[PDB]
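Engineer: just the structure for this:
(one chain, ligands or ions: 1)
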Amino acid sequence: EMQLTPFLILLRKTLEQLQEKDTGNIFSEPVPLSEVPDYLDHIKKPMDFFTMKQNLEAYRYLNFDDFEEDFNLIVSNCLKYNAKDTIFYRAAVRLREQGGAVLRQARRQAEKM
Ligand SMILES: Cc1[nH]c(-c2csc(N=C(N)N)n2)c2c1C(=O)CC(C)(C)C2
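Structural biologist: Numbers count the residues shown, from 1 in each chain. See below for the structure:
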């Protein structure tokens, strides 16, 4: 219920802030299915920040919830696949915490559009 171009500006900036939290660059490109062959036996919808960028620029996020849903998939897929005592699981918890705060801030800025 606002103009497209500003909303997308906000989502691009939000996506950059989320990517900045992935300091190890483990969430920034699809999981390499060539290196992890059992990945899709548990993960129904892989997600990553590059795919989110592509979706954003294809006009596939037209509300904040659709954007936040794909972010949440990045986190939940990693929590699902990895044991708790791993760097990967711990990284997803960190991203959930740090990324959640980025998202709330961005949602506020959207309410004003
Ligand atoms: C979020 C995430 N990112 C990656 C990744 C990026 S790059 C790369 N290269 C490799 N040779 N494994 N793995 C992984 C992951 C997991 O959840 C666990 C995992 C074993 C599927 C591996």
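
Engineer: show me where the chain has its strands.
Structural biologist: Taking DSSP state E, the chain contains no strands at all.

Engineer: what lies in contact with stretch 38-54?
Structural biologist: 15, 18-19, 22, 27-31, 33, 67, 70-71, 73-74, 77, 80-81 (Cβ atoms under 8 Å, 6 or more residues apart in numbering). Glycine gets a C-beta too; all of them are placed from N, C-alpha and C.

Engineer: same question but for stretch 72-80, I mixed them up
Structural biologist: Contacts of stretch 72-80 (Cβ under 8 Å, 6+ apart): 27, 42-43, 45-49, 52, 88-89, 91-93, 95-96, 99.

Engineer: gap between the spatially most central residue of the chain and the ligand?
Structural biologist: By Cα atoms, centre = their mean, the chain has its centre lying nearest to residue 71, at 2.6 Å. Residue 71 sits 13 Å away from the ligand, going by Cβ to the nearest ligand atom, to the nearest Å.

Engineer: surely that residue meets residue 19?
Structural biologist: No. Applying Cβ atoms under 8 Å, one finds residue 71 not in contact with residue 19, separated by 10.5 Å.

Engineer: are any of the contacts of stretch 38-54 buried, and which?
Structural biologist: Buried subset of the contacts of stretch 38-54 (neighbour count, 16 or more other Cβ atoms under 10 Å): 15, 18-19, 22, 27-28, 31, 67, 70-71, 73-74, 77, 81.

Engineer: just the residues you listed now: which is nearest residue 2?
Structural biologist: Nearest to residue 2 among the buried ones among the contacts of stretch 38-54 is residue 67, at 14.2 Å by Cβ to Cβ.

Engineer: nothing else from me, thank you.
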